[PDB]
Ligand SMILES: O=C(O)[C@@H]1C[C@H]2C[C@@H](CN3CC(F)(F)C[C@H]3C(=O)O)CC[C@H]2CN1
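Below, the structure is given as C-alpha cells:
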C-alpha cells in the first residue's frame, strides 16, 4: 500500500552496539507498522546514518544524503552543534527536524521547521523551585556539572531576590571520584539541603561518594534534577534514612506503558549491562522513550496527510519540499499519549512547555510516587480516653521507688508527694496516665550556644509528655516555652 | 551571510575552501561558527575566531584559535575587582543565559569568600527595566555588576 520514509541520525563513540536512541527509533517504527489503528493503510520505512559525536560537518553530509534519498522528517541527532546544523538544513529544505534533547534556544534564530519532545527547561526550572518551596527550605546548595546546568536552574538561581532562599552554588569536577573534597566542604558547611544538577550517571557516582562521606543519613535531603532518577540502583541507600526526591516524566504507572517498557528490556537487557555502574540494567532511559514517542507523534500527523509523499531534495538547490509547510504545521498541532505522558507542543515556539511529571521520593521500599506536577497546577502532593504520659524524675520525697512486701507493677512502683498529687489530679479530672522517668535525668535548661532545651521541659516542648509532675520550679525562662499550672507549693 | 544560518555559513565556507584559502576568519556567532569550525577541521584549514562561544569538553576539533579573552580569566578579574573594593554584598544583573556562564567564577564565590549575592535578569528591552531597578532601589542594592552588551 502507501509508503513513507523517515530519516534517522544517531551519534556515537567508537563502534557498536546500537545506542538507546537508535534502538527506540527502530522499535517505534516496527511497533507502529503492526498497529492497525495507527497508520492502517500506511507503512513506515527508514534510513539510518551513524555519526561521530560533535562532528557537525559529518551530520550535515548525512542529512543531505537523506534528503536526497527522500524523507518526510529527520529525527536529527541529539547534541547541540550537530543538531543546530541539521536544523538549519532542514529549515532551508522545509523538512521537519524532530529533536528529543534540549539545546539552547537563541531568540533571534528564525528556524521554524522543528519541534522538540524534551520537556522545556523553563518549566522544569519552575517545578524544581516549586518543590523546594513545598519542603519549606530556606537554605539550599545547588551543585551543577557543566555550564548548561546553570541555565536549567536559572529560575531557581534568581529566586533569592523574590522569596527567602539563601543559596550556595558549587560545581562538580570532571570525575565524581574527585568529589570528596567538595563534599567535605558541604559537610563542614552543614549544607544538608542539596540539589544535584547533573546526568543520572553522575548522580549514581556522587551518591557513592556521599555514602563514603557519612552523608547518606536522615540529616540530608537531596533533590535530583535528572528525569532518569528512577534508573538509579537504590538498593545501597533505601535503608539509611536519606531523603532523595526528584521527578519522573516516564509514565510507569500506566499499565499499557509498563508492558511496552518491558518488551524493550528484553531486546535490550539482552546486551551489555554493567556491575559497577549503580544503574539498573535494562531500564528504558528518558532519551530513548522520547525518541520512541517522537516517532509516534509525528505519525499521528502523517495519518492526517494522506496526500503527502517524499521528494528527492538536493542541498545544492534552494528548492524546498512542497509538503513541508503543511506537515510541519500538522506536527505542531499534534496530540498524543505516549511513554512520557501528554505530548503537546507550544503553538508559539514548538517547544514542549506543558507536560505531566510524577514526583518521586526514596522510601524504605524503594523509589515511589508521592505527587504530581504540571505548569498550571503546581504540585498536587497526595499527603479522649487516651492515657496521659507523665514525665517525672526521682527526687526525695516527691518521687521515689516504693519499698513494699506486696508485688508492685507499673505506676504503683512509685510513691511520694508528687505521686499523691498525680493520683488526686487523675481522679478529679478523670484521666489515666503512664509515669516515665526522664531520659536525661534533668529538670530542664536551655543550652547557651544552640538554644536547645533538655530534661522534662524538652519532653513537654516536643510533645513527648503531656504533664511533668515533679518539683519543677516556675521560672521566667521556662514559662516562655511551656505552660505551668499555678504552684502547688510556694517556697 | 544571514545571522544564525549555519547552512549558508557551511556553503560559503566550502566555496572558499574551493577557491583555496590559507585560513577562514569564520563568522562570529555560536551556531555558524561551530559549523565552519567543523568543516575547517575536516579539511585541516585554520579557523580564526574573534568571539567567545561555549567550549564543549569532548569536542576534538583542533584547527582553530580564538582571539577573544577567555571567560575563565575575565570571570576571575571581575571577582578580583569586587574583592579589592571590599564588597560583601553585590547584585549581579545579566542579559541572556550565556551571561551566567561568563560569571560562574563569581557566582560560586559565596561558598569560599564572604559574599552574599543576588542574581537578577534584565528583560529583552532596557525600556522595560524600571520595575527591575525599582526592586533594586527598595532593596538597597547599591553595589551592582551589569553583565550585558555595551549597547
Ligand atoms: O526545677 C528545678 O530546676 C528545681 C530542681 C530541684 C532542685 C532542688 C534543690 N537543689 C538541688 C541541689 F542539690 F543540686 C542544690 C539545691 C539548691 O539549689 O538549693 C530541690 C527540688 C527541685 C526544685 N526545682
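Residue numbers (PDB author numbering), protein chains in the order written: chain A, 2 to 384, 398 to 505; chain B, 52 to 202. For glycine and all other residues, C-beta sits at the position ideal for the given N, C-alpha and C.
For residue i and residue j, what's the separation of their Cα atoms in angstroms?
{"i": "residue 470/A", "j": "residue 409/A", "result": "13 Å"}
{"i": "residue 303/A", "j": "residue 226/A", "result": "34 Å"}
{"i": "residue 399/A", "j": "residue 367/A", "result": "37 Å"}
{"i": "residue 114/B", "j": "residue 72/B", "result": "14 Å"}
{"i": "residue 133/A", "j": "residue 61/B", "result": "45 Å"}
{"i": "residue 98/B", "j": "residue 121/B", "result": "17 Å"}
{"i": "residue 59/B", "j": "residue 186/B", "result": "44 Å"}
{"i": "residue 253/A", "j": "residue 365/A", "result": "19 Å"}
{"i": "residue 53/A", "j": "residue 16/A", "result": "10 Å"}
{"i": "residue 266/A", "j": "residue 256/A", "result": "16 Å"}
{"i": "residue 211/A", "j": "residue 96/B", "result": "47 Å"}
{"i": "residue 444/A", "j": "residue 189/B", "result": "59 Å"}
{"i": "residue 286/A", "j": "residue 340/A", "result": "11 Å"}
{"i": "residue 81/A", "j": "residue 466/A", "result": "53 Å"}
{"i": "residue 401/A", "j": "residue 274/A", "result": "57 Å"}
{"i": "residue 35/A", "j": "residue 20/A", "result": "23 Å"}
{"i": "residue 166/B", "j": "residue 152/A", "result": "22 Å"}
{"i": "residue 455/A", "j": "residue 243/A", "result": "31 Å"}
{"i": "residue 338/A", "j": "residue 14/A", "result": "33 Å"}
{"i": "residue 270/A", "j": "residue 327/A", "result": "40 Å"}
{"i": "residue 64/A", "j": "residue 9/A", "result": "9 Å"}
{"i": "residue 174/B", "j": "residue 150/A", "result": "21 Å"}
{"i": "residue 472/A", "j": "residue 422/A", "result": "29 Å"}
{"i": "residue 293/A", "j": "residue 141/B", "result": "47 Å"}
{"i": "residue 126/B", "j": "residue 143/A", "result": "19 Å"}
{"i": "residue 333/A", "j": "residue 147/A", "result": "31 Å"}
Taking the alpha-carbon of residue i as reference, which of the options has the nearest alpha-carbon?
{"i": "residue 474/A", "options": "403/A, 489/A, 462/A", "result": "403/A"}
{"i": "residue 202/A", "options": "346/A, 241/A, 176/A, 501/A", "result": "176/A"}
{"i": "residue 479/A", "options": "264/A, 155/A, 451/A", "result": "451/A"}
{"i": "residue 192/B", "options": "162/A, 128/A, 146/A", "result": "162/A"}
{"i": "residue 495/A", "options": "345/A, 460/A, 503/A", "result": "460/A"}
{"i": "residue 197/A", "options": "33/A, 236/A, 157/A, 164/A", "result": "157/A"}
{"i": "residue 136/A", "options": "221/A, 56/A, 125/A", "result": "221/A"}
{"i": "residue 245/A", "options": "251/A, 259/A, 230/A, 88/A", "result": "230/A"}
{"i": "residue 74/B", "options": "116/B, 105/B, 106/B, 112/B", "result": "116/B"}
{"i": "residue 130/B", "options": "159/B, 118/B, 149/B", "result": "159/B"}
{"i": "residue 209/A", "options": "241/A, 228/A, 355/A", "result": "241/A"}
{"i": "residue 213/A", "options": "180/A, 85/A, 499/A", "result": "180/A"}
{"i": "residue 375/A", "options": "128/A, 138/A, 418/A", "result": "128/A"}
For residue i, which of helix, strand or coil comes out of DSSP?
{"i": "residue 392/A", "result": "Position 384 is followed directly by 398 in chain A, which means residue 392/A is not present among the coordinates."}
{"i": "residue 305/A", "result": "coil"}
{"i": "residue 238/A", "result": "coil"}
{"i": "residue 158/A", "result": "helix"}
{"i": "residue 179/A", "result": "helix"}
{"i": "residue 278/A", "result": "coil"}
{"i": "residue 424/A", "result": "helix"}
{"i": "residue 263/A", "result": "helix"}
{"i": "residue 244/A", "result": "strand"}
{"i": "residue 363/A", "result": "strand"}
{"i": "residue 171/B", "result": "strand"}
{"i": "residue 370/A", "result": "strand"}
{"i": "residue 343/A", "result": "strand"}
{"i": "residue 145/B", "result": "strand"}
{"i": "residue 397/A", "result": "Note on chain A: numbering goes from 384 to 398 directly, and residue 397/A within that interval has no coordinates."}
{"i": "residue 391/A", "result": "A gap in chain A, from 384 straight to 398, means residue 391/A has no coordinates in the model shown."}
{"i": "residue 210/A", "result": "helix"}
{"i": "residue 291/A", "result": "helix"}
{"i": "residue 222/A", "result": "strand"}
{"i": "residue 314/A", "result": "coil"}
{"i": "residue 198/B", "result": "strand"}
{"i": "residue 409/A", "result": "strand"}
{"i": "residue 46/B", "result": "This structure does not reach residue 46/B, given that chain B is present from 52 up to 202, and the question cannot be answered."}
{"i": "residue 9/A", "result": "strand"}
{"i": "residue 447/A", "result": "strand"}
{"i": "residue 461/A", "result": "coil"}
{"i": "residue 319/A", "result": "coil"}
{"i": "residue 249/A", "result": "strand"}
{"i": "residue 72/B", "result": "coil"}
{"i": "residue 452/A", "result": "coil"}
Using 7 Å as the cut-off, classify the Cβ of residue i as near or not near the heavy atoms of ligand 2, replying yes or no.
{"i": "residue 71/B", "result": "Ligands present in the displayed structure are limited to ligand 1, and ligand 2 is not among them."}
Discussion item. Restricting to runs no shorter than 4 residues, where is the alpha helix (DSSP H) found entirely within the stretch 12 to 59 of chain A?
Written reply: 21 to 35
Fill in: Sequence ranges, alpha helix (DSSP H) only - wholly within the stretch 470 to 495 of chain A, length at least 4
490 to 493
Fill in: Every unbroken alpha helix (DSSP H) inside the stretch 104 to 138 of chain A [4 residues or more]
The qualifying runs are 122 to 135.
Worksheet item: For ligand 1, which residues have a Cβ under 6 Å from at least one heavy atom, in chain order?
Response: 409/A, 457/A, 485/A, 486/A, 487/A
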